[PDB]
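In structure tokens, one chain follows: the form deposited in one PDB entry.
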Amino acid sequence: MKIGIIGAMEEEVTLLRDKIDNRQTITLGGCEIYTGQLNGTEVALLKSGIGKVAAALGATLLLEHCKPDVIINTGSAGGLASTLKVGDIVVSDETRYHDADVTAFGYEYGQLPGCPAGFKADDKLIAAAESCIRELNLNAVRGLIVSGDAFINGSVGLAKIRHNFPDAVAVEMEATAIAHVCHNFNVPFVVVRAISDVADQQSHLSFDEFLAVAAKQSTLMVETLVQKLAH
């Protein structure tokens, strides 16, 4: 069993990286991949950099070089669901691009030609993540997570998402891209992220203040999930 884990930023992967035993590092395509064992379980941890293309590049490299059985996307997120506070957990049941528009040719809003309109997360990974949430006593919401190449900061950017995707529970910049690569390679995928801000006009300030907390809570989740999936 080899678990793939992808995060965008140094702050989002640094805690997991430290826990890796027999840590070997691969540097390529502007990405770093840390391989070794996390509490006995073989893992490959990718630091991808930010945005859709960075994530797609990273995911493709991870899949080709390390051949993980599943991928977990971790990190921060902007919370959309009203019951989410900073530090709470979001789990994807589905991912969609909020910034894709080929509606001129009759595709669904968010849907790219040749792709499904959304990417369903793996049911077994979701069930496992829910068990982790219960074990860790955390507040969490499971639902649609939407991705774009924008940091959402209130105003019209936020309103447009809430309008087009009223059931979206969180927004970020990589998950859907990773879900797309995984789809094309038939690899099970789940997003397990923690809230750093609520994507409003103070989101940049909240992000700066609470990125560390979001990394700590998503790390707790991911460490627990790795262990549950090994068994």
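Rigid core (definition): largest C-alpha set, two forms, superposition within 1.5 Å. Quick note: we count residues from 1 along the sequence shown, nothing fancier.
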Higher average CA B factor in the deposited record is what I'm after, so tell me if that's 201 to 209 or 32 to 40.
32 to 40
On average, are the C-alpha B-factors higher in 105 to 113 or in 146 to 154?
105 to 113
According to the deposited entry, which of 186, 176, 196, 60 has the largest Cα B-factor?
186
Looking at the C-alpha B-factor values in the deposited entry, which of 123, 99, 94, 88 comes out highest?
123
In terms of its chain's C-alpha B-factors, the third that includes residue 47 is the middle
For the chain shown, is the CA B-factor of residue 24 in the lowest, middle or highest third of its modelled residues?
highest
Test of reading the entry: by CA B factor among the chain's modelled residues, which third contains residue 180?
lowest
Going by the CA temperature factor in the PDB record, which third of the chain does residue 77 belong to: lowest, middle or highest?
lowest
Sorting the chain's modelled residues by C-alpha B-factor, tell me whether residue 225 ends up in the lowest, middle or highest third.
middle
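We do not show the form deposited in another entry, though everything after this point is about it.
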Looking between this form and the one not shown after fitting on the rigid core, I'd like to know which of 70, 57, 44, 198 has a C-alpha displacement of 2 Å or more.
198
Against the shown form, C-alpha atoms of residue 9 and residue 132 in that other deposited form: closer or farther, for a change of 3 Å or more?
closer
Given a CA distance change of at least 3 Å, are residue 56 and residue 203 closer or farther in that other deposited form?
farther
